[PDB]
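Source file: query-v5.pdb. Holds: PDB, C-alpha atoms.
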ATOM      1  CA  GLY Z   1       7.798  14.114   0.857
ATOM      2  CA  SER Z   2       8.397  11.698  -2.004
ATOM      3  CA  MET Z   3       6.491   9.551  -4.482
ATOM      4  CA  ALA Z   4       8.566   6.571  -5.542
ATOM      5  CA  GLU Z   5       7.196   3.383  -7.067
ATOM      6  CA  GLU Z   6       6.650   0.235  -5.022
ATOM      7  CA  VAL Z   7       5.520  -3.336  -5.642
ATOM      8  CA  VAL Z   8       2.162  -2.081  -6.835
ATOM      9  CA  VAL Z   9      -0.821  -3.623  -8.570
ATOM     10  CA  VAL Z  10      -4.035  -2.144  -9.951
ATOM     11  CA  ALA Z  11      -7.740  -2.674  -9.364
ATOM     12  CA  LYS Z  12     -10.113  -3.514 -12.189
ATOM     13  CA  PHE Z  13     -13.418  -2.814 -10.469
ATOM     14  CA  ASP Z  14     -14.621  -1.237  -7.230
ATOM     15  CA  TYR Z  15     -14.626  -3.604  -4.289
ATOM     16  CA  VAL Z  16     -15.946  -2.410  -0.949
ATOM     17  CA  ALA Z  17     -14.518  -4.085   2.134
ATOM     18  CA  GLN Z  18     -16.618  -5.377   4.975
ATOM     19  CA  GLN Z  19     -14.468  -3.823   7.686
ATOM     20  CA  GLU Z  20     -10.918  -2.431   7.890
ATOM     21  CA  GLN Z  21     -10.081  -6.040   8.769
ATOM     22  CA  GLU Z  22     -10.360  -6.548   5.024
ATOM     23  CA  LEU Z  23      -8.915  -4.576   2.121
ATOM     24  CA  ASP Z  24     -11.063  -2.031   0.278
ATOM     25  CA  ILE Z  25     -10.147  -1.267  -3.320
ATOM     26  CA  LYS Z  26     -11.389   1.209  -5.912
ATOM     27  CA  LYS Z  27     -11.812   0.779  -9.668
ATOM     28  CA  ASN Z  28      -8.555   1.431 -11.542
ATOM     29  CA  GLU Z  29      -6.868   2.248  -8.234
ATOM     30  CA  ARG Z  30      -3.358   1.100  -7.421
ATOM     31  CA  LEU Z  31      -2.802  -1.272  -4.511
ATOM     32  CA  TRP Z  32       0.309  -2.677  -2.852
ATOM     33  CA  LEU Z  33       0.747  -6.418  -3.268
ATOM     34  CA  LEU Z  34       2.296  -8.590  -0.576
ATOM     35  CA  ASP Z  35       0.990 -12.135  -1.014
ATOM     36  CA  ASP Z  36      -0.257 -13.396  -4.365
ATOM     37  CA  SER Z  37       0.133 -17.086  -3.587
ATOM     38  CA  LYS Z  38      -3.538 -17.911  -2.970
ATOM     39  CA  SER Z  39      -7.095 -17.286  -4.182
ATOM     40  CA  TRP Z  40      -7.513 -13.983  -2.360
ATOM     41  CA  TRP Z  41      -4.580 -11.616  -2.707
ATOM     42  CA  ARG Z  42      -3.043  -9.907   0.297
ATOM     43  CA  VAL Z  43      -2.749  -6.214  -0.473
ATOM     44  CA  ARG Z  44      -2.526  -2.804   1.116
ATOM     45  CA  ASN Z  45      -4.364   0.239  -0.214
ATOM     46  CA  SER Z  46      -3.873   4.012   0.047
ATOM     47  CA  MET Z  47      -5.918   3.778   3.255
ATOM     48  CA  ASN Z  48      -2.805   2.073   4.733
ATOM     49  CA  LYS Z  49      -4.950  -0.898   5.687
ATOM     50  CA  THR Z  50      -4.368  -4.512   4.735
ATOM     51  CA  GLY Z  51      -6.476  -7.545   3.945
ATOM     52  CA  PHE Z  52      -7.576  -9.951   1.234
ATOM     53  CA  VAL Z  53      -9.093  -8.960  -2.099
ATOM     54  CA  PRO Z  54     -10.994 -10.859  -4.838
ATOM     55  CA  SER Z  55      -8.930 -11.680  -7.933
ATOM     56  CA  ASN Z  56     -11.973 -10.851 -10.080
ATOM     57  CA  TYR Z  57     -11.766  -7.201  -9.056
ATOM     58  CA  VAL Z  58      -7.989  -6.873  -8.705
ATOM     59  CA  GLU Z  59      -5.043  -7.841 -10.928
ATOM     60  CA  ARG Z  60      -1.311  -7.244 -11.270
ATOM     61  CA  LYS Z  61      -0.182  -4.213 -13.235
ATOM     62  CA  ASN Z  62       0.685  -4.833 -16.883
ATOM     63  CA  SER Z  63       3.083  -1.931 -16.809
TER      64      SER Z  63
END
Here is the file; what I need is its structure written in the form of structure tokens.
Amino acid sequence: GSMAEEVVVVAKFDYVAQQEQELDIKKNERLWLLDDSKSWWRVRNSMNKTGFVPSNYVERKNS
């Protein structure tokens, strides 16, 4: 296949999601950021699911 870089962010701490209706993120794991215009960010993880995540556990990449 191929591994090219996307509009990606990174997680700071582990955050378990309630259901796949939400977004589950892992510590230091990279997520895909869609909407960053509100309190809870709209991201997609490696689990190809999408939802909202807490800004205390997730942040934009510094790189």
Q: Run the PyMOL selection byres ((chain Z and resi 6-22) around 6) on the file and write out the hits as a PyMOL selection string.
A: chain Z and resi 5+23-33+51-52+57-61
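If you look at atom CA of residue 3 of chain Z and atom CA of residue 46 of chain Z, they are 12.6 Å away from each other.
Atom CA of residue 63 of chain Z is found 20.8 Å from atom CA of residue 2 of chain Z.
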Q: Give as number ranges by chain each residue that has an atom at most 7 Å from (-0.9, -3.7, 1.4) in the file, counting all atoms listed in the file.
A: Z: 31-34, 42-45, 48-50
Got a sec to write segment 43-54 of chain Z of the block to a file, N, CA and C atoms, as a CSV table (one decimal), in the first residue's frame?
chain,number,residue,atom,x,y,z
Z,43,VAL,N,-12.3,14.0,15.5
Z,43,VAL,CA,-11.1,13.3,15.0
Z,43,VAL,C,-11.5,11.9,14.6
Z,44,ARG,N,-10.6,11.3,13.8
Z,44,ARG,CA,-10.7,9.9,13.4
Z,44,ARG,C,-9.4,9.2,13.8
Z,45,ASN,N,-9.5,8.0,14.3
Z,45,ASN,CA,-8.4,7.3,14.8
Z,45,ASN,C,-8.0,6.2,13.8
Z,46,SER,N,-7.0,5.4,14.2
Z,46,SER,CA,-6.6,4.2,13.3
Z,46,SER,C,-7.7,3.2,13.2
Z,47,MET,N,-8.7,3.2,14.1
Z,47,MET,CA,-9.8,2.3,14.1
Z,47,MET,C,-10.8,2.8,13.1
Z,48,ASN,N,-10.5,3.7,12.3
Z,48,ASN,CA,-11.3,4.3,11.2
Z,48,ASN,C,-12.7,4.7,11.7
Z,49,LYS,N,-12.8,5.0,13.0
Z,49,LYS,CA,-14.0,5.5,13.6
Z,49,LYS,C,-13.9,7.0,13.8
Z,50,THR,N,-15.0,7.7,14.1
Z,50,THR,CA,-15.0,9.1,14.2
Z,50,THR,C,-15.8,9.5,15.4
Z,51,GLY,N,-15.5,10.7,16.0
Z,51,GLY,CA,-16.2,11.2,17.2
Z,51,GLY,C,-15.5,12.4,17.8
Z,52,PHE,N,-15.9,12.7,19.0
Z,52,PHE,CA,-15.4,13.9,19.7
Z,52,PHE,C,-14.4,13.4,20.8
Z,53,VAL,N,-13.3,14.2,20.9
Z,53,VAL,CA,-12.3,13.9,22.0
Z,53,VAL,C,-12.0,15.1,22.9
Z,54,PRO,N,-11.7,14.8,24.1
Z,54,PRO,CA,-11.3,15.8,25.1
Z,54,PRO,C,-10.0,16.5,24.8
